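S.K.: Provided below: model-v9.tsv, containing TSV, C-alpha atoms.
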```
chain	number	residue	atom	x	y	z
A	8	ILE	CA	0.00	0.00	0.00
A	9	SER	CA	2.61	2.53	1.10
A	10	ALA	CA	5.34	1.21	-1.21
A	11	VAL	CA	2.83	0.96	-4.07
A	12	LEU	CA	1.98	4.62	-3.44
A	13	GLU	CA	5.70	5.46	-3.66
A	14	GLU	CA	5.97	3.60	-6.98
A	15	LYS	CA	2.87	5.39	-8.29
A	16	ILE	CA	4.27	8.82	-7.37
A	17	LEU	CA	7.76	8.16	-8.73
A	18	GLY	CA	6.36	6.56	-11.89
A	19	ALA	CA	4.94	9.89	-13.03
A	20	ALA	CA	8.27	11.70	-12.70
A	21	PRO	CA	10.91	10.61	-15.24
A	22	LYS	CA	13.77	8.46	-13.98
A	23	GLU	CA	17.12	10.27	-14.05
A	24	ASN	CA	20.62	9.43	-12.85
A	25	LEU	CA	21.51	12.71	-11.16
A	26	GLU	CA	24.92	11.39	-10.10
A	27	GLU	CA	26.13	11.24	-13.71
A	28	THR	CA	23.59	13.44	-15.52
A	29	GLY	CA	21.83	16.74	-14.94
A	30	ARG	CA	19.24	19.14	-16.29
A	31	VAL	CA	19.82	22.78	-17.21
A	32	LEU	CA	18.14	25.25	-14.86
A	33	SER	CA	19.22	28.55	-16.41
A	34	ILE	CA	21.40	29.37	-19.41
A	35	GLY	CA	22.67	32.83	-20.29
A	36	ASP	CA	25.81	34.61	-21.53
A	37	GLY	CA	27.72	31.34	-21.81
A	38	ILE	CA	26.97	30.19	-18.25
A	39	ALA	CA	24.76	27.15	-17.64
A	40	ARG	CA	23.38	26.37	-14.19
A	41	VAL	CA	22.48	22.68	-14.04
A	42	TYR	CA	20.66	20.62	-11.41
A	43	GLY	CA	22.30	17.25	-10.86
A	44	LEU	CA	25.78	15.90	-11.62
A	45	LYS	CA	26.15	14.79	-8.02
A	46	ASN	CA	29.49	13.02	-8.51
A	47	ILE	CA	31.01	15.59	-10.88
A	48	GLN	CA	34.49	16.95	-10.22
A	49	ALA	CA	35.71	20.51	-10.43
A	50	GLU	CA	37.15	21.60	-13.80
A	51	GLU	CA	35.55	18.49	-15.36
A	52	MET	CA	34.34	18.41	-18.95
A	53	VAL	CA	30.63	17.92	-19.65
A	54	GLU	CA	28.56	17.22	-22.76
A	55	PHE	CA	25.29	18.96	-23.54
A	56	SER	CA	22.34	17.56	-25.48
A	57	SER	CA	23.28	19.65	-28.52
A	58	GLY	CA	26.83	18.29	-28.53
A	59	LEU	CA	28.42	21.38	-27.00
A	60	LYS	CA	31.17	20.89	-24.45
A	61	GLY	CA	31.44	22.64	-21.11
A	62	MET	CA	33.52	22.83	-17.95
A	63	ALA	CA	32.25	22.76	-14.37
A	64	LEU	CA	33.83	25.77	-12.68
A	65	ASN	CA	31.43	26.25	-9.75
A	66	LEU	CA	30.13	23.28	-7.76
A	67	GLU	CA	27.46	24.97	-5.68
A	68	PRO	CA	25.29	23.04	-3.19
A	69	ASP	CA	22.17	23.55	-5.33
A	70	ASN	CA	23.54	23.65	-8.89
A	71	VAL	CA	26.71	23.42	-10.98
A	72	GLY	CA	28.03	26.46	-12.82
A	73	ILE	CA	29.23	25.39	-16.26
A	74	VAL	CA	31.07	27.56	-18.79
A	75	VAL	CA	29.88	26.73	-22.31
A	76	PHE	CA	32.41	25.98	-25.06
A	77	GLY	CA	30.33	27.67	-27.74
A	78	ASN	CA	27.23	29.67	-28.55
A	79	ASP	CA	24.58	29.28	-25.85
A	80	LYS	CA	21.69	29.45	-28.34
A	81	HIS	CA	21.94	25.65	-28.67
A	82	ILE	CA	21.23	25.15	-24.94
A	83	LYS	CA	17.78	25.46	-23.37
A	84	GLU	CA	16.42	25.02	-19.87
A	85	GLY	CA	15.71	21.35	-19.22
A	86	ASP	CA	18.42	19.90	-21.46
A	87	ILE	CA	20.35	16.81	-20.39
A	88	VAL	CA	23.99	17.40	-19.41
A	89	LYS	CA	26.21	14.34	-19.03
A	90	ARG	CA	29.59	13.78	-17.40
A	91	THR	CA	32.62	13.24	-19.59
A	92	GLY	CA	34.32	11.95	-16.44
A	93	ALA	CA	37.72	13.60	-16.80
A	94	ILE	CA	39.43	16.98	-16.72
A	95	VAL	CA	40.17	18.74	-20.00
A	96	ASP	CA	43.03	17.27	-22.03
A	97	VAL	CA	44.45	18.02	-25.47
B	3	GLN	CA	-6.55	40.67	10.07
B	4	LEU	CA	-4.39	37.82	11.36
B	5	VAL	CA	-4.42	36.14	14.76
B	6	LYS	CA	-1.24	36.80	16.75
B	7	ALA	CA	1.00	33.76	17.06
B	8	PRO	CA	2.07	32.60	20.55
B	9	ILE	CA	5.71	33.27	19.60
B	10	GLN	CA	7.33	35.19	16.77
B	11	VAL	CA	8.84	33.05	14.00
B	12	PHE	CA	11.11	34.82	11.53
B	13	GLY	CA	11.93	34.43	7.86
B	14	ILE	CA	9.75	33.71	4.86
B	15	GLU	CA	9.22	30.17	6.16
B	16	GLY	CA	7.94	31.62	9.43
B	17	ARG	CA	5.62	33.91	7.47
B	18	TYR	CA	3.96	30.89	5.85
B	19	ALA	CA	3.74	29.12	9.21
B	20	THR	CA	2.05	32.10	10.88
B	21	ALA	CA	-0.35	32.39	7.93
B	22	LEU	CA	-1.27	28.71	8.27
B	23	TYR	CA	-1.62	29.03	12.05
B	24	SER	CA	-3.87	32.08	11.73
B	25	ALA	CA	-6.08	30.37	9.14
B	26	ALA	CA	-6.31	27.20	11.23
B	27	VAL	CA	-7.22	29.08	14.42
B	28	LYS	CA	-9.87	31.23	12.71
B	29	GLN	CA	-11.46	27.88	11.91
B	30	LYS	CA	-11.44	24.93	14.34
B	31	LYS	CA	-8.74	22.83	12.65
B	32	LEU	CA	-5.65	23.61	14.74
B	33	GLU	CA	-5.21	20.03	15.95
B	34	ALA	CA	-6.11	18.50	12.58
B	35	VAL	CA	-3.67	20.55	10.51
B	36	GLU	CA	-0.92	19.81	13.03
B	37	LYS	CA	-1.55	16.06	12.85
B	38	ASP	CA	-1.35	15.72	9.07
B	39	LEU	CA	1.66	18.06	8.82
B	40	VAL	CA	3.56	15.91	11.33
B	41	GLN	CA	2.45	12.80	9.44
B	42	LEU	CA	3.46	14.44	6.15
B	43	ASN	CA	6.89	15.34	7.56
B	44	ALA	CA	7.27	11.79	8.89
B	45	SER	CA	6.31	10.49	5.44
B	46	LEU	CA	8.91	12.70	3.76
B	47	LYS	CA	11.64	11.59	6.18
B	48	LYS	CA	10.69	7.91	5.81
B	49	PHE	CA	10.71	8.22	1.99
B	50	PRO	CA	13.60	10.44	0.83
B	51	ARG	CA	12.57	9.94	-2.81
B	52	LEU	CA	9.53	12.15	-2.18
B	53	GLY	CA	11.70	14.89	-0.68
B	54	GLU	CA	14.09	14.82	-3.62
B	55	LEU	CA	11.12	14.90	-6.00
B	56	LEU	CA	9.49	17.96	-4.41
B	57	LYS	CA	12.78	19.85	-4.09
B	58	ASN	CA	13.72	19.13	-7.72
B	59	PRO	CA	13.49	22.46	-9.60
B	60	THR	CA	13.54	20.76	-13.01
B	61	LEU	CA	10.15	19.08	-12.53
B	62	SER	CA	7.09	21.12	-13.42
B	63	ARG	CA	4.75	22.31	-10.68
B	64	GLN	CA	1.88	20.28	-12.15
B	65	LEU	CA	3.82	17.09	-11.40
B	66	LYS	CA	4.58	18.41	-7.91
B	67	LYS	CA	0.97	19.23	-7.03
B	68	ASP	CA	-0.17	15.87	-8.42
B	69	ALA	CA	2.43	14.07	-6.29
B	70	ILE	CA	1.49	16.24	-3.30
B	71	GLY	CA	-2.21	15.60	-3.91
B	72	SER	CA	-1.75	11.85	-4.33
B	73	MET	CA	0.20	11.56	-1.07
B	74	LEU	CA	-2.16	13.90	0.81
B	75	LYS	CA	-5.38	11.99	0.06
B	76	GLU	CA	-4.02	9.15	2.20
B	77	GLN	CA	-3.44	11.70	4.99
B	78	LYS	CA	-7.17	12.63	4.92
B	79	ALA	CA	-6.21	16.31	4.75
B	80	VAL	CA	-9.37	18.24	3.97
B	81	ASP	CA	-9.06	21.93	3.20
B	82	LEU	CA	-6.29	23.86	4.95
B	83	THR	CA	-3.23	21.67	4.45
B	84	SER	CA	-4.18	20.91	0.84
B	85	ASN	CA	-4.42	24.64	0.09
B	86	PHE	CA	-1.22	25.24	2.07
B	87	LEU	CA	0.79	22.82	-0.06
B	88	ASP	CA	-0.92	24.11	-3.21
B	89	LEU	CA	0.30	27.58	-2.22
B	90	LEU	CA	3.80	26.22	-1.59
B	91	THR	CA	3.94	24.66	-5.06
B	92	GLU	CA	2.29	27.68	-6.71
B	93	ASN	CA	5.32	29.66	-5.60
B	94	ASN	CA	8.84	28.23	-5.68
B	95	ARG	CA	8.63	27.66	-1.93
B	96	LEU	CA	8.24	23.88	-1.56
B	97	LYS	CA	12.03	23.53	-1.51
B	98	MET	CA	11.75	24.38	2.20
B	99	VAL	CA	8.67	22.30	3.02
B	100	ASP	CA	10.67	21.01	6.00
B	101	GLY	CA	11.31	24.61	7.06
B	102	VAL	CA	7.66	25.65	7.25
B	103	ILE	CA	6.69	22.43	9.06
B	104	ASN	CA	9.46	22.94	11.64
B	105	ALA	CA	8.35	26.56	12.08
B	106	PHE	CA	4.73	25.43	12.45
B	107	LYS	CA	5.84	22.90	15.08
B	108	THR	CA	7.52	25.75	16.96
B	109	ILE	CA	4.30	27.80	16.95
B	110	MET	CA	2.18	24.91	18.22
B	111	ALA	CA	4.66	24.04	20.97
B	112	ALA	CA	4.21	27.55	22.36
B	113	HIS	CA	0.45	27.23	21.79
B	114	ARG	CA	0.41	24.47	24.41
B	115	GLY	CA	2.89	26.48	26.49
B	116	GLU	CA	5.63	23.84	26.36
B	117	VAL	CA	9.11	25.08	27.27
B	118	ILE	CA	12.12	23.13	26.01
B	119	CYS	CA	14.50	21.98	28.76
B	120	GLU	CA	17.98	20.61	28.03
B	121	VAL	CA	19.84	18.98	30.94
B	122	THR	CA	23.37	17.70	30.34
B	123	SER	CA	25.03	15.26	32.75
B	124	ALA	CA	28.32	13.38	32.59
B	125	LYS	CA	26.67	10.00	33.21
B	126	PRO	CA	23.03	8.93	32.80
B	127	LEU	CA	21.00	8.45	35.96
B	128	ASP	CA	17.39	7.75	36.94
B	129	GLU	CA	15.20	7.11	40.01
B	130	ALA	CA	16.52	9.63	42.54
B	131	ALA	CA	18.02	11.91	39.88
B	132	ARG	CA	15.01	12.00	37.55
B	133	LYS	CA	12.46	12.48	40.34
B	134	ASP	CA	14.10	15.58	41.80
B	135	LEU	CA	15.03	16.98	38.38
B	136	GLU	CA	11.38	16.96	37.30
B	137	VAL	CA	10.32	18.83	40.45
B	138	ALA	CA	13.22	21.28	40.15
B	139	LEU	CA	12.33	21.98	36.52
B	140	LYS	CA	8.64	22.30	37.43
B	141	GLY	CA	9.52	25.11	39.84
B	142	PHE	CA	10.37	27.37	36.89
B	143	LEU	CA	6.89	26.86	35.41
B	144	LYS	CA	4.28	29.57	35.39
B	145	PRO	CA	0.70	28.21	35.44
B	146	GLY	CA	-0.32	26.73	32.11
B	147	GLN	CA	3.06	25.26	31.16
B	148	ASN	CA	4.57	21.94	30.10
B	149	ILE	CA	8.13	20.59	30.21
B	150	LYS	CA	9.87	19.12	27.16
B	151	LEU	CA	12.94	17.49	28.70
B	152	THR	CA	15.95	16.38	26.65
B	153	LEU	CA	18.76	14.55	28.46
B	154	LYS	CA	22.31	14.54	27.10
B	155	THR	CA	25.55	12.79	28.04
B	156	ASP	CA	28.98	14.38	27.64
B	157	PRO	CA	32.18	13.38	29.47
B	158	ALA	CA	33.93	16.65	28.54
B	159	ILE	CA	32.21	18.45	31.44
B	160	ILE	CA	33.76	16.04	34.02
B	161	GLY	CA	30.59	16.04	36.12
B	162	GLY	CA	28.05	18.45	37.54
B	163	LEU	CA	24.91	19.47	35.68
B	164	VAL	CA	24.45	21.70	32.62
B	165	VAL	CA	20.74	22.59	32.57
B	166	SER	CA	19.24	24.91	29.96
B	167	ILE	CA	15.76	26.39	29.51
B	168	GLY	CA	14.14	28.03	26.48
B	169	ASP	CA	16.16	31.21	26.96
B	170	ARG	CA	18.03	30.78	30.27
B	171	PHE	CA	21.16	28.76	30.92
B	172	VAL	CA	23.50	27.87	33.78
B	173	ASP	CA	26.85	26.06	33.80
B	174	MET	CA	26.92	24.41	37.24
B	175	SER	CA	29.38	21.75	36.07
B	176	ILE	CA	32.69	20.54	37.46
B	177	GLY	CA	34.71	21.22	34.31
B	178	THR	CA	33.82	24.90	34.05
B	179	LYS	CA	34.03	25.42	37.82
B	180	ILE	CA	37.60	24.14	38.09
B	181	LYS	CA	38.44	26.10	34.93
B	182	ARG	CA	37.53	29.46	36.47
B	183	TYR	CA	39.24	28.47	39.73
B	184	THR	CA	42.47	27.74	37.85
B	185	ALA	CA	41.99	31.04	36.02
B	186	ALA	CA	41.75	32.67	39.45
B	187	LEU	CA	44.99	30.90	40.42
B	188	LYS	CA	46.84	32.27	37.39
B	189	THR	CA	45.42	35.78	37.88
B	190	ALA	CA	45.85	35.81	41.67
B	191	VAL	CA	49.28	37.44	41.93
```
So, in terms of structure tokens, how does the structure I just supplied come out?
M.R.:
Amino acid sequence: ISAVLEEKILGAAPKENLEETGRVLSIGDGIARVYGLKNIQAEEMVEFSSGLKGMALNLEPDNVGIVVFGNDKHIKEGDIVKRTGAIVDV
Amino acid sequence: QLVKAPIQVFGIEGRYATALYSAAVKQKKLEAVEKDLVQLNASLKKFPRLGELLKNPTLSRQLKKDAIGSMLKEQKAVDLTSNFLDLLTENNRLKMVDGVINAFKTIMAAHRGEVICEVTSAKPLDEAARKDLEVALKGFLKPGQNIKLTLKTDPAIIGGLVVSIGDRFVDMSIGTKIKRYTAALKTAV
């Protein structure tokens, strides 16, 4: 009864892995604030849904501040941001 | 016009709690809205997935009010708490649903006149200690008062008794008493 109610509530919301992924909260002037990426590192590369790269420069308690490696017109609020898993290398 | 709260609670979360208290006391649902809020807070603590879902700013408020409504029908909340949580999700204020509940608990504790007492002792004790401590704490009570006693253990105070009240505090413990005596030794001459 109680656990079935929990499954009914969580079934409506989409399932997301917030440790490795995240959703954009606000995007503007080349800065993306994303909710999620719980296990992300500082200075770590990320990948946006449009294929743009980014770097996590601020790891705030609520969000992650990401500097966008391109034009921010390809990024909208609610887009999936994934973890590359490593710092930037050339 | 709002009914004055028994104690002042500050912040935006305290503003919502005083608004809910005033609405519940204008009607006759003070005890009802306290019961389901405590049961809601216990439900959120027992199921952290619900707390993460409500505090998620990505999810739309329609999904939040549906999840709130689905979990509040089992609480048998009728009119005030349903509108209270609908107001919290109408604004972006359900991120501190624990804050308003804790503030509302603080208002209702002073509604019953309960005063929080915190007594710290080096070692736990009962029987002779607990009997006299209850009477000693009851001597501070004005008529129409209740005692919420919380006992703590800490070996850093050597011994003695560190008893606190809602705003008053004394440090009649061995560790602090020998500390000021040694300070008097060093500052003697």
S.K.: Using only C-alpha atoms, find which residues of chain B lie within 12 Å of chain A and jot them down as an MDAnalysis selection string.
M.R.: chainID B and resid 45:46 48:77 97
S.K.: Could you pull the residues within 7 Å of stretch 156-160 of chain B, counting only C-alpha atoms, minus those fewer than 3 positions along the same chain, as a tab-separated table (two decimals) with C-alpha atoms, in the coordinates of the input?
M.R.:
```tsv
chain	number	residue	atom	x	y	z
B	123	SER	CA	25.03	15.26	32.75
B	124	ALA	CA	28.32	13.38	32.59
B	175	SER	CA	29.38	21.75	36.07
B	176	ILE	CA	32.69	20.54	37.46
B	177	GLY	CA	34.71	21.22	34.31
```
S.K.: List the neighbours of residue A:82 out to 9 Å using all atoms listed in the file; skip same-chain residues closer than 3 positions along the sequence, and give me the result as a list in words.
M.R.: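 What passes the distance filter is residues 31, 34, 39, 55, 56, 57, 59, 78, 79, 85 and 86 of chain A.
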S.K.: Kindly give the distance, in Å, that separates atom CA of residue B:99 and atom CA of residue A:8, rounded to a single decimal.
M.R.: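 Pair atom CA of residue B:99 / atom CA of residue A:8 returns 24.1 Å.
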S.K.: Using all atoms listed in the file for the distances, tell me which of B:78, B:179, B:133, B:113 is nearest to residue B:164.
M.R.: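 With all atoms listed in the file as the atom set, the closest residue is B:179.
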S.K.: Given the choices B:3, B:10, B:41, B:152, which gets closest to residue B:25 if the distance is worked out from all atoms listed in the file?
M.R.: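 Result for the nearest residue to residue B:25: B:3.
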S.K.: Counting all atoms listed in the file, figure out which residue out of A:25, A:62, A:95, A:47 gets nearest to residue A:76.
M.R.: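 Closest to residue A:76, using all atoms listed in the file: A:62.
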S.K.: Output, as AutoDock Vina command-line options, the centre and edge lengths in Å (one decimal) of the axis-aligned box that contains all listed atoms of stretch 16-32 of chain A with 4 Å of margin on each side.
M.R.:
```
--center_x 15.2 --center_y 15.9 --center_z -12.3 --size_x 29.9 --size_y 26.7 --size_z 17.8
```
S.K.: One number please: atom CA of residue B:79 to atom CA of residue B:4, in Å, one decimal.
M.R.: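 A separation of 22.6 Å between them.
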S.K.: Take atom CA of residue B:30 and atom CA of residue B:148 and report the distance between them in Å, one decimal.
M.R.: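 Interatomic distance here is 22.7 Å.
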S.K.: Nearest residue to residue A:54 out of A:18, A:77, A:35, A:68, using all atoms listed in the file?
M.R.: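 With all atoms listed in the file as the atom set, the closest residue is A:77.
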